[PDB]
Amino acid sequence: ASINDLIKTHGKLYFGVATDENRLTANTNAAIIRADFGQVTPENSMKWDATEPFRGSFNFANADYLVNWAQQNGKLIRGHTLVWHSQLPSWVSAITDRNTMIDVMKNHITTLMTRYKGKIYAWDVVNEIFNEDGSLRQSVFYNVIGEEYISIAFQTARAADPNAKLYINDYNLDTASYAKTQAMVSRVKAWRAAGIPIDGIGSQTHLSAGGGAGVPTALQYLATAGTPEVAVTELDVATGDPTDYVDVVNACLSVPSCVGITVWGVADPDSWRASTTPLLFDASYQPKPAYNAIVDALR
């Protein structure tokens, strides 16, 4: 059974997965994804170190493969990710001139979003911009452009592709009482009230075992920020136990503005945290109990 088909019967938009060319061209990832998922996120091929390794020197081969594959198979695409302190080449983090940094940031956003204009359902416009205490991460964008860098990014993205949903994405938003979750709701409500075009809040939802239980309350709290939508963007669960997966599925089903769930990979060995077997398909590329547990929860 397809958990994507099943969740859409609940009025959600998708149940999707991260992937890229190295996965699609190997084993049975492509077959599982056609059959069982309805959306894809580039795991790495759209990041800054992959797309613009040197100033003005764009590489789109891998990203193009994912976008074409996704389109040919009618899968939704979430763009990931534009403004991020990680996996950032040194030529970006070294710049000390404010005007130069605005040019670099706006060029990167505009170029990527224009190349795929109209094809991308949501873009993670800024990623992981918060410290664990709820304060803004003082990345190079923060230090050189200023706190306005968030507003500039979102306005530039809206201008580049008015079709796309513009998201802010972050992790450890899994407990409503956590300082970071409070700060995410507060800031996004504030930025939207200043007219900044933030369409969705993405919650990565990289969980520890037992972490599922708090996600319903947290996801419902993120929805009170007032964005049109929220989403689970990078789900995986240490030990990969069914309890935590079904908890997140019900969290989503309980938030009317939560459009769907993306799982961060098809099969355990290919997971960035493979040693915790955190995914829904195993080393054999066969569905695990959590996957069947999701099937039973969606019927």
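Numbering starts at 1 and runs along the sequence shown.
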Handout entry: Which of 165-173 and 135-143 has higher mean CA B factor, as the PDB entry lists it
Key = 135-143
Problem - Mean C-alpha temperature factor, higher of 11-19 and 275-283 - result: 275-283
Exercise for the section: Can you pull the Cα B-factors for 130, 154, 191, 221 from the entry and say which is highest? Expected result: 221
Practice task
Determine which member of 45, 39, 233, 28 has the highest CA B-factor, using the values in the deposited entry.
Solution key: 28
Practice task
Give the position of residue 265 by CA B-factor within its chain, expressed as the lowest, middle or highest third.
Solution key: middle
Exercise for the section: Would you mind checking where the Cα B-factor of residue 94 ranks among the modelled residues of its chain, as the lowest, middle or highest third? Expected result: highest
Problem - residue 158 - Cα temperature factor, lowest/middle/highest third of chain - result: lowest
Completion exercise
Temperature factor at the Cα of residue 74, chain-ranked in thirds, falls in the lowest
Practice task
Please rank the C-alpha B-factors of the chain's modelled residues and tell me whether residue 213 sits in the lowest, middle or highest third.
Solution key: highest
